[PDB]
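A single chain, nothing else alongside it, follows as structure tokens in the form deposited in one PDB entry.
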């Protein structure tokens, strides 16, 4: 229970203030968990950060596997519903930036090397499924030919950038632009 309570409280804090500007002290009084009880689950603030990331990429990559493997859907449909998921998981007007590549990639220089290695890996793992799914649509005729490596990265950048700007402006506008653009570049 309390391990997970710390992890969920780690995420909510992480979504608003990042990881490196946040004392363990802050995490602790936000979780309402005592210090002693923290060191029973995690060796460190740094290791608690790894756990959070690790946990974050697993849930995220698994959802992407489920979706990009959904029977009865072509590669266009599988891919589109992932972008829709992004557009619908975002709340422009909430303080929480739930997309950590966006949150943490902006703060990467003040992170440890281990955290940076995990963040690039998680991030490479998203692009890679995007490439897979693009390549798969060329096989079932669902998507017009393209350089799939190039397209995947182009699309991911576009959406990261819209996440970033959506949060600045507390507005849905930039994610709508990302979607509209994604429809044009595809089909």
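C-alpha atoms forming the largest set that superposes within 1.5 Å between two forms make up the rigid core. Positions refer to the first chain, counted from 1.
- Here the stretch with the larger average CA B-factor, out of 147 to 155 and 23 to 31, is 23 to 31.
- Here the stretch with the larger average CA B-factor, out of 132 to 140 and 34 to 42, is 34 to 42.
- Residue-level temperature factors show residue 74 in the middle third of its chain, judged at the C-alpha atom.
- Compared with the other modelled residues of the chain, the Cα B-factor recorded for residue 184 ranks in the middle third.
- Ranked by C-alpha B-factor against the other modelled residues of its chain, residue 170 falls in the middle third.
- In this PDB entry, residue 89 carries a Cα temperature factor that places it within the highest third of its chain's modelled residues.
- Per the PDB record, residue ranking by Cα B-factor puts residue 109 in the highest third of the chain.
As for the form deposited in another entry, it is not shown, yet the points below apply to it.
- Only one entry in 120, 43, 149, 138 has its C-alpha moved by 2 angstroms or more between the shown form and the other one when the rigid core is superposed, and that entry is 43.
- With the core superposed, residue 31 shows a C-alpha displacement of at least 2 Å between the shown form and the other one.
- Superposed on the core, the two forms differ at residue 111: its CA moves 2 Å or more between the shown form and the other one.
- In the core-superposed comparison between the shown form and the other one, residue 77 has its Cα shifted by less than 2 Å.
- Relative to what is shown, residue 109 and residue 120 are closer in the other entry; their C-alpha atoms differ in spacing by at least 3 Å.
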